[PDB]
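J.: Residue numbers (the authors' numbering), protein chains in the order written: chain B, 15 to 78; chain A, 679 to 727; chain L, 3 to 113; chain C, 513 to 662, 675 to 711, 719 to 767; chain S, 1115 to 1177, 1190 to 1245, 1258 to 1405; chain D, 2 to 214; chain E, 776 to 872; chain W, 104 to 128, 153 to 461.
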Amino acid sequence: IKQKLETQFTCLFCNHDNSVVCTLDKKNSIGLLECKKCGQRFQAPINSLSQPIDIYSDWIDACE
Amino acid sequence: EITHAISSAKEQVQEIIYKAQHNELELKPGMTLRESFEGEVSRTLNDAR
Amino acid sequence: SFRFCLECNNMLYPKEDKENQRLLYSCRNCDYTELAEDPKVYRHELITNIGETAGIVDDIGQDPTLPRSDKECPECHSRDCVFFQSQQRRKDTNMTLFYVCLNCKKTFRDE
Amino acid sequence: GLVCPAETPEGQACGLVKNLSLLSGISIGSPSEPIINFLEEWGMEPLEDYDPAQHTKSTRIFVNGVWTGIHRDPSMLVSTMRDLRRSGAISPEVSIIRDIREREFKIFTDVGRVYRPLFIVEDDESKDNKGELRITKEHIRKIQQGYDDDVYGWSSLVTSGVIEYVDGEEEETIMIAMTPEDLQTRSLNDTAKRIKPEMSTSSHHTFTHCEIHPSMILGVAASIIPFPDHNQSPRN
Amino acid sequence: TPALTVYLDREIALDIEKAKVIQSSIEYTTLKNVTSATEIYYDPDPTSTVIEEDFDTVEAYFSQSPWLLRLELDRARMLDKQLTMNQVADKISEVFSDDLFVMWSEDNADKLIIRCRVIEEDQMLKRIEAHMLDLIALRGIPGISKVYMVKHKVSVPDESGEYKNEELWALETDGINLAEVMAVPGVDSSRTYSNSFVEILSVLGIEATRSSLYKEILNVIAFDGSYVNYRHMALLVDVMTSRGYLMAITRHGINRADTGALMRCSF
Amino acid sequence: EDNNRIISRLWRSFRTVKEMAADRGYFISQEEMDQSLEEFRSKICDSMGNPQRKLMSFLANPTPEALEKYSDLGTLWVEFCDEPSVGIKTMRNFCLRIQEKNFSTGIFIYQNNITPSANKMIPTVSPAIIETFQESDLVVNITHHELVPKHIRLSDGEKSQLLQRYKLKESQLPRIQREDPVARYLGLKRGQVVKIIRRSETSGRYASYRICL
Amino acid sequence: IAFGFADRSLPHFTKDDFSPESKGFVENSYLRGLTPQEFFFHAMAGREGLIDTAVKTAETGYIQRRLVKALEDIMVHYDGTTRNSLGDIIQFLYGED
Amino acid sequence: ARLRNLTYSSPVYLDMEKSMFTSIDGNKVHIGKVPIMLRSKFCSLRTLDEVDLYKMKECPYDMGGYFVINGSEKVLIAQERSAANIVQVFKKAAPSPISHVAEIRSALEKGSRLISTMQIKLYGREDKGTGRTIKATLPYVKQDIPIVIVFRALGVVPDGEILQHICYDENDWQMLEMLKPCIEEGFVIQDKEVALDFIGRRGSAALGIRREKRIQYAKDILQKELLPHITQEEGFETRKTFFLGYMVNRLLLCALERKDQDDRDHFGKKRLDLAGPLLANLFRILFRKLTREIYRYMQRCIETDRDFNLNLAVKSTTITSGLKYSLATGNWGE
DNA sequence: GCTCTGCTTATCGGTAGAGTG
DNA sequence: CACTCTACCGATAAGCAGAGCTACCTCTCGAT
RNA sequence: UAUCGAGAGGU
Ligand SMILES: Nc1ncnc2c1ncn2[C@@H]1O[C@H](COP(=O)(O)CP(=O)(O)OP(=O)(O)O)[C@@H](O)[C@H]1O
Ligand SMILES: [Zn+2]
Ligand SMILES: [Zn+2]
Ligand SMILES: [Zn+2]
């Protein structure tokens, strides 16, 4: 079953903190970051061990 | 008499050690071999005293 | 007994060759596969005896804390050995003794 | 032999507060670098040079809890290390522990180890000395004189291989006779004196050490009791 | 130390052979209790076998999945529990019906062996093996780990009316299952007793709990030869049962009363 | 074989229900009470030997003595359900039967469970009373145990006599839970009192009273 | 006496020694006097008694307090009943007699 | 000191040196007094001999070993602790998903002081616990990290090398069967870099450090802090990796019922802290407090750009009062 | 620093009923 | 009239935190 | 004729 989790991460674009939601679909190995404020979305591959800090880390490197 | 009776009780404990170490000791229901061994040794030594 | 891939060093997992009906040991990080010498894939011992004799070293006769016996060795027929009960630390372990001859270093029993 | 079996408070502190036995000592601490140098000088191989396939029979060597090497002939290594301590080349408070079953050789120069002295018994079957105390009336003579025949006191015995210190860990690997008389078998039936254990489980005993006197297991307070061996233990 | 005192019907209590029959039927035996080792082979031909030991077994027997589950039963434990190879395989069949082909060797064989096949499947056999050892019950009442054969000296009046002793067989258990053991044919269902008065309350009710509570306390006091007058222990067990449920002698029982707050806060 | 223990346990549960009904004050014929296991199998099982629970249901009325003592004792309907799991569908037809024929109390023996949703159809059917029992729990009649003394329900008049003798409020009597095995056996309702005559090692005999929660 | 050293009770015994003397049998009487091994083993059993007395005294002291608080308000009344402070009947007659 | 309720203590002086790097792009200062143990080598009574002992009103039967603090004779009680730098394996209670734990407290050799503590836990109960894997505990990391992952983060990545560090018997199929879940739970981590990053992403620190340094932060938690008694210099992870395998080996020997769990009460696994170690642990704490007071004084006295006279930035009361307080009350700390 | 019980949170079905072909 | 597809209340553990830990008595010592 | 703690003790 999918996991819809709220986090305390800051969006890299709109800078609103505590407004990034992480949807981890392990059945298809696809993780999804969403911003509850400005509405952006970032997708990245996840394994079985990953957690909201794993894809949020991949989002920091995808920008820089 | 006291010293003889204690000496013979020490011998019975030798026999019990022999049986338990040669797999010739009766196991009491609900008890492992080593529990049964310690139980027999204890009864022998308390009866000696 | 499970083996390792000769090109990746990761461990091989058992996988069937469905078409030829034979057991293989295939890797999982690369394409290596090899033929199984042993049909057995898994064993589970409930009543176990592994670790019974355990550390029998060339210097076991130098441990002065071990008791010594007169029992005749089956191999060389020497009258001098050390003994010890099973090194299996289970609660149901037997009390039967293992003897180690100080001459030929054979491990025998009183059976 | 390390803490008193009798002197401990009654009540809430009972068994938690203890008292040093009469012959106890505490390790002050010793540098490990001389120990490393002796181990590499006498055949220890590094861990970067190590493969379990190649070393399937060798002994692992620990110095103050760090795995530092492997040695293929541990029997000679420990005898060498022990003899360096019995002369003074290694500080007498260092612990030298051979675990033969587990193929491990552990050395401790840690501070705070509780140790006690014992008489050394000759254990090498290459001399008539074997099986007997290394200490002789000559040592006792020089002790009473105070000097050697070209100060001679307690530490002179420790650095001449007749007495050494053992801690709780090394005590695990030795065989101790209770009195000098127990070093040799006998021919009694005196109904007044106390019965000595038979010790008939091992055919021949190989004593490595002998107690100096068994009353030294007591501490200061219990040492005041006359005949404590004739009392119910709580009275002591 | 949970324990049941299982009195037996008179005809069984004076015949040691019949009492042993009740004993072996009550004691819980799982499949794990009799299994010495389990194995998983790749034996691709269902009608033959790579196992040289089971060669003559499967060849003659025949006159599904390629993975084989081979489990070996320990002869000593099979003898103690009084179980035959047939009934052990039967119980396996009942839980796996037609999803598993079961093949068992004879009790005369050198090794006691049971072969199993399913009707990617390497892991499905490990899951089945875990489920078998962890859930298959061969006989007995769950929760009754051991059953002991105990002789009772019970005083009963003569035909003359004089009290004389009489030896009778009863059983005692490690573990409890008062409800299920009461139902077992042979057991005197009007006398079965448990040393868990909590269980007595659920099966027999509060007045029986009152008596059982007193019995268990008395046993503690009387053991070191002591004697306390009945009325003191009677008063305590009436307090523990007056509410209709068991009131523990703790704040969780005592302070659940409608007593004043000043009284309750002083505890 | 193993099929015989199913029939036997069901026959024993059946004997207990009749025993329960008799003790509660209803009339059960001395021929149905003493019914052997063989007679039970002949009448209840098929040709294949499997038993038909719907054939075991029966109806009983209070004896004249019980009706004189307890004027709240009506007609009792006992039914064994052939469906192991009793769902909302099964319970509704049972509750309808009870109201339509205006039974005073209905005893519903189930096999494995009663769903909590169907279990709520139980208090929606007053002034008729529905009581449930797991068929297992009745294989042995617990009131036959040495440790369970004879519980006898007090009449409304007898209860009042008790309260005045001790000048008692109801909340000052010892209690018995509604779910107590012996309270369920007697079908005790909140406010009713049992009298319990009991062995005593100091006086020989002692009468204990409990009121039902 | 347990094998608190590796496979032995004291460094004065060989390993795997289950004899009376190895595991705490004190053969001598107090008149004759105990051996050093017996002395220590006797002191082990003796310590356990001092520990028990110091520990279990608070175990039973708390038990008695809870018993007293459970029962403190229970009195025999002039009607013969045994009741608490709520007037609940605990026994209809004290001790049933 | 006894008569007048004084403290018998020695002044301690420390040379201090100032230096001022500047790039456009002192002497015997007194730090406190240490109470002297009577009849020790630093006591004014060690010489004298019975004649002058009597003149100093000292009794020749008094053997010392105690201090005089405000006139009161204080003795230090040896403090019993568990040995450092040794691996002990213990069993865990039934209502826990963990069944066996290996533990080691790491302590340096110089000074001898504690640093950190580390655990390796074997999960999965008896027929309960599903996947029966093994995780480690690292200092300054919030979560348990599977063993295989930390082995790879140290430079040993292929399964076969990791298992060669743990199991020393290719025949031991029981132990190898017990290591199965650890391999599969660390399958997706197939190289050093993604291993080091898997660690760094839980070890507190800041949020948002990119892979380029959150790795370099985990590389620090492995070089130092992790088993620091082994080494703290770089490029010696071969010593630490072999030790980690030893711990796992010891953990499994006990879980396979081939070896008893360690006895926490075995006196050979215990140490007694006497006056030296007890004073050193307290002196370390108090000297750091003095250090922070020196740093805090330079930031006020250097904003004036006036050469500070040093002796005005060392209040010897910090060490003097700290030692006095603990010896006088028995409270061993600040 | 250790045992217990009760109370406050997730998981488990379990039905039990409209939407469905 | 046979299907799912989700809104229910069971019954689970399930994790947790805290509450409690014999009675009375003596004396010295340090900090506020 | 203080308060808060700590430690050592008595039955
Ligand atoms: N720590 C404690 N707590 C409570 N009561 C205690 C106690 N220590 C002692 N007592 C009281 O003092 C009694 C102890 O008496 P002692 O003089 O200590 C032993 P005894 O059993 O009377 O004699 P013995 O010396 O002949 O064995 C206890 O039973 C109790 O009454
Ligand atoms: Zn955003
Ligand atoms: Zn590969
Ligand atoms: Zn030989």
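A virtual CB, placed ideally from N, CA and C, is assigned to each residue, including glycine.
My assumption, with CB atoms under 8 angstroms, is that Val-1164(S) sits in contact with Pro-41(L). Please give the rounded CB distance.
T.: That belief holds up - the Cβ atoms of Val-1164(S) and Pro-41(L) are roughly 5 angstroms apart, short of 8 angstroms.
J.: Are there 16 or more other CB atoms within 10 angstroms of the CB of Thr-95(L), so buried, or fewer, so exposed?
T.: So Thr-95(L) ends up on the buried side.
J.: Using a Cβ-Cβ distance under 8 angstroms, would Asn-859(E) count as near chain C?
T.: So, not an interface residue.
J.: Under the rule that 16 or more other beta-carbon atoms within 10 Å means buried, what is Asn-1147(S), buried or exposed?
T.: By the 10 Å Cβ count, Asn-1147(S) comes out buried.
J.: When every heavy atom of ligand 1 is checked, does at least one fall within less than 7 angstroms of the C-beta of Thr-832(E)?
T.: Correct: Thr-832(E) has its Cβ closer than 7 angstroms to ligand 1.
J.: Run through DSSP, which three-state label would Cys-428(W) get?
T.: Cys-428(W): helix per DSSP, three-state reduction.
J.: Could you check whether the Cβ of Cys-10(L) sits closer than 7 angstroms to any heavy atom belonging to ligand 3?
T.: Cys-10(L): yes, Cβ under 7 angstroms from ligand 3.
J.: Beta strand (DSSP E) containing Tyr-853(E): first to last residue?
T.: It is not in any beta strand (DSSP E) - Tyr-853(E) carries neither H nor E in the DSSP assignment.
J.: Are the CB atoms of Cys-103(L) and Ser-88(L) nearer to each other than 8 angstroms?
T.: Their beta carbons are not under 8 angstroms apart, which means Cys-103(L) does not touch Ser-88(L) by this criterion.
J.: Give me the chain E residues within the contact set of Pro-150(D), using Cβ-Cβ distance strictly less than 9 angstroms, ordered along the chain.
T.: Those within 9 angstroms of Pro-150(D) in chain E number zero; the least Cβ separation is about 13 angstroms.
J.: Measure the Cβ-Cβ separation of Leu-1194(S) and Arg-1241(S) and say whether it is below 8 angstroms.
T.: Closer than 8 angstroms, so yes.
J.: Roughly how many angstroms separate the alpha carbons of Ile-1314(S) and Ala-1117(S), rounded to a whole number?
T.: Rounded to the nearest angstrom, the two C-alpha atoms are 6 angstroms apart.
J.: Taking the alpha carbon of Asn-61(B) as the reference point, which residue from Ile-316(W), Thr-368(W), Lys-397(W), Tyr-193(W) has its own alpha carbon closest?
T.: Looking at the Cα atoms, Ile-316(W) is the closest of the given residues.
J.: By how many angstroms is the C-alpha of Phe-815(E) removed from the C-alpha of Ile-748(C)?
T.: One C-alpha to the other measures close to 9 angstroms.
J.: Hey, does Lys-218(W) have any beta-carbon neighbour from chain L nearer than 8 angstroms?
T.: No, its Cβ sits nowhere closer than 8 angstroms to a Cβ of chain L.
J.: What in chain L is Cβ-close to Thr-739(C), meaning under 8 angstroms?
T.: Per Cβ cutoff of 8 angstroms: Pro-66.
J.: Scan the stretch 47-61 of chain L for residues whose Cβ lies nearer than 9 angstroms to a Cβ of chain S and list them as they occur along the chain.
T.: Going along the stretch 47-61 of chain L in chain order, one finds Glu-47, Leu-48, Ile-49, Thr-50 with a Cβ nearer than 9 angstroms to chain S.
J.: Check each candidate in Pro-65(D), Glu-132(D), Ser-9(D), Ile-123(D) and name the one with the smallest Cα separation from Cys-46(D).
T.: Of the listed residues, the one whose Cα sits closest to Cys-46(D) is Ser-9(D).
J.: Could you compute how far the alpha carbon of residue 1178(S) sits from the alpha carbon of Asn-62(D)?
T.: Absent from the coordinates is residue 1178(S), which sits in the stretch where chain S moves from 1177 straight to 1190.
J.: Distance cutoff 8 angstroms, beta carbons only. Does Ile-1240(S) sit that close to anything in chain L?
T.: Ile-1240(S) does not count as touching chain L.
J.: Answer with yes or no whether the minimum CB distance from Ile-864(E) to chain D is below 8 angstroms.
T.: Closer than 8 angstroms to some Cβ of chain D, the Cβ of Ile-864(E) qualifies, so yes.
J.: Any C-beta of chain A within less than 8 angstroms: which residues of the stretch 777-795 of chain E qualify?
T.: The stretch 777-795 of chain E vs chain A, Cβ under 8 angstroms: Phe-793, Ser-794, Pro-795.
J.: Take the Cβ of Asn-1367(S) as the centre, count every other Cβ of all protein chains shown within 10 Å, and call the residue buried at 16 or more, exposed below.
T.: It is exposed - the Cβ of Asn-1367(S) has fewer than 16 other Cβ atoms within 10 Å.
J.: What in chain E is Cβ-close to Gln-87(L), meaning under 7 angstroms?
T.: Residues of chain E passing the Cβ test: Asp-791.
J.: Could you tell me whether the Cβ of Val-315(W) comes closer than 8 angstroms to any Cβ of chain B?
T.: Chain B contact via Cβ: present.
J.: Is the beta carbon of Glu-136(D) less than 8 angstroms from the beta carbon of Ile-110(D)?
T.: Contact: yes.
J.: What number of angstroms, rounded off, separates the C-alpha of residue 122(L) from the C-alpha of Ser-570(C)?
T.: The structure shown does not extend to residue 122(L), since chain L is modelled only from 3 to 113, so the question has no answer here.
J.: Counting along the chain, where does the beta strand (DSSP E) carrying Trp-1307(S) start and finish?
T.: 1301-1312 is the extent of the beta strand (DSSP E) around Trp-1307(S).
J.: With hydrogens ignored, establish whether the beta-carbon of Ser-734(C) is closer than 7 angstroms to any heavy atom of ligand 4.
T.: False, no ligand heavy atom lies under 7 angstroms from that Cβ.
J.: Whose Cβ in chain A lies nearer than 7 angstroms to the Cβ of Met-97(L)?
T.: Residues of chain A passing the Cβ test: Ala-698, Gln-699, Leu-711, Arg-712, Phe-715.
J.: Verify the contact flag: residue 135(W), CB atom, against every heavy atom of ligand 4, threshold strictly below 7 angstroms.
T.: This structure gives no coordinates for residue 135(W). The numbering of chain W moves from 128 immediately to 153.
J.: At a Cβ threshold of 8 angstroms, is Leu-63(B) touching chain W?
T.: So yes, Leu-63(B) belongs to the interface.
J.: Examine ligand 2 and report whether any of its heavy atoms sits within less than 7 angstroms of the Cβ of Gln-22(B).
T.: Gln-22(B) Cβ: outside cutoff for every heavy atom of ligand 2.
J.: So, does the CB of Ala-845(E) fall closer than 8 angstroms to a CB anywhere in chain C?
T.: Not an interface residue.
J.: Compute the beta-carbon to beta-carbon distance between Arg-646(C) and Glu-634(C), rounded to the nearest angstrom, for a pair I have assumed lies under 8 angstroms.
T.: Their Cβ separation, rounded to whole angstroms, is 6 angstroms, which keeps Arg-646(C) and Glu-634(C) in contact under 8 angstroms.
J.: Of all the CB atoms in chain B, is at least one closer than 8 angstroms to the CB of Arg-328(W)?
T.: Interface residue, yes.
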